Amino acid sequence: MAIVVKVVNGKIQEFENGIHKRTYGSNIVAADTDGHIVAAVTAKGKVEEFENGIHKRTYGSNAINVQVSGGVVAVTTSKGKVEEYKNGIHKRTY
């Protein structure tokens, strides 16, 4: 699925073909998706995963940005590192 995620006043808005689909989450500052999951960074520095608009899990700390790539979630921290997570488990830092 080709979905676009827009963060608006802390909420995640999902769009498909320019059409609004759903809105969920709160206090979000950044988000990314691969069409299967949406990973979102909270103002408190956590990563929240959503699946079909439903909260799945929360992990990480000091997060400021996020990217979903090939089944991993790459979390950029306020310390300037990338922390790679798989299924919510910290795997490596670089």
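Please give me the summed charge of the neighbours of residue 62: other residues whose Cβ is under 14 Å from its Cβ, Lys and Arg +1, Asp and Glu -1. Present the calculation step by step, with values, prior to reporting the outcome.
Values: positive: 44, 46, 79, 81; negative: 83.
Cβ neighbours under 14 Å give a net charge of +3.
Net length available on complete extension from residue 78 to residue 65 is 3.8 nm, with 0.36 nm assigned per residue and the Cα-Cα distance removed. Of 56/79; 6/91; 46/81; 21/46; 46/79, which pairs sit farther than 20 Å apart, going by alpha carbon to alpha carbon? Violating the 20 Å limit, Cα to Cα: 56/79; 6/91; 21/46. The charge dipole of the chain, taken about the Cα centre with unit charges on the Cβ atoms of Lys, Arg (+1) and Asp, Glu (-1), comes to about 300 debye, rounded to the nearest 20.
Each label was represented as a point 7 Å from its Cα along the Cα-to-Cβ direction; for residue 34 and residue 87 these points are 1.3 nm apart.
Projecting the Cα atoms of 64, 78, 47 onto the charge dipole of region 4-93, computed from C-beta unit charges around the Cα centre, puts 78 farthest toward the positive end.
Can you work out the FRET efficiency for the pair residue 51 and residue 23, with r the C-beta to C-beta distance and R0 = 25 Å, to the nearest 0.05?
Details: r = 15 Å, r/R0 = 0.62.
That gives a FRET efficiency of 0.95.
Readers should treat all values here as calculations from the given coordinates under stated rules, not as data from a laboratory. Ideal geometry is used to build each Cβ from the backbone, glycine not excepted, and the neighbour counts take in all protein chains shown.
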